[PDB]
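As a starting point, one isolated chain is supplied in structure tokens, in the form solved without this ligand.
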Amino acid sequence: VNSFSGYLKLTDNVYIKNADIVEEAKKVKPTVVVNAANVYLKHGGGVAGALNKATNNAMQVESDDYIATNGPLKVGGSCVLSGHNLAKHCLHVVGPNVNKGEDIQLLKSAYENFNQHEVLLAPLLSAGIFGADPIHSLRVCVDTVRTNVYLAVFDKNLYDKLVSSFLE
């Protein structure tokens, strides 16, 4: 049903909220939730671990079956799997891990996958343990994505920094 509420307009197609993406997916019933995935679709922590836990491991069993046919995803790549109870679809996107020397230029490739979907609930890609500056990730999102993206940012202090950087 895509019932987004309380998102702050950044651009005509990019919105942002200080919120837990799991709690957003339950209220909003989005067509697409984006997972910040790794190449093995092993949902061990961060957003991936939170989304998988909210599906009581249904997402991990589906992900394993995909990886059995595909082998690992490419950095910058994605797959569309079931959203289970969270969404119609989950778009698993792999952003570069700059800690492992993956090139930050691949973050544009990662966000380009969003353009296959009219409306997405998403986190910022390559943040947290993938080591990219989240404000940089937001700039790449805004420059790359032309479909309607609703960004959820968990941490209030990071959210305020993102909105300050973008609107001040």
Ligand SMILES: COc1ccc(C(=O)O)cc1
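Basically, rigid core = biggest C-alpha set you can superpose within 1.5 Å across the two forms. Residue indices: 1-based, along the sequence shown.
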Fill in: RMS Cα shift after core superposition in 9 other deposited structures of this protein, winner of 65 to 73 and 138 to 146
65 to 73
Practice prompt. On mean C-alpha B-factor from the PDB entry, just flag whether 131 to 139 or 61 to 69 is the higher one.
Written response: 61 to 69
Discussion item. Splitting the chain's C-alpha B-factors into thirds, which one does residue 112 fall into?
Written reply: lowest
Worksheet item: residue 42's Cα B-factor: lowest, middle or highest third of the chain?
Response: lowest
Practice prompt. Pull the Cα B-factor of residue 23 out of the PDB entry and bin it into the chain's lowest, middle or highest third.
Written response: middle
Worksheet item: For residue 104, does the deposited CA B-factor place it in the lowest, middle or highest third of the chain?
Response: highest
Practice prompt. State the tercile, meaning the lowest, middle or highest third, of residue 84 with respect to the CA B-factors recorded for its chain.
Written response: middle
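Another form exists, deposited with this ligand bound; not displayed. Remarks below refer to it.
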Worksheet item: With the cut-off set at 4.5 Å between non-hydrogen atoms, does residue 29 touch this ligand in the bound PDB entry?
Response: yes
Item to complete: Report whether the minimum heavy atom distance between residue 87 and this ligand in the bound PDB entry is within 4.5 Å.
Response: yes
Response to the item:
Taking this ligand in the bound PDB entry and a 4.5 Å non-hydrogen atom cutoff, the residues of 1 to 19 making contact are 1
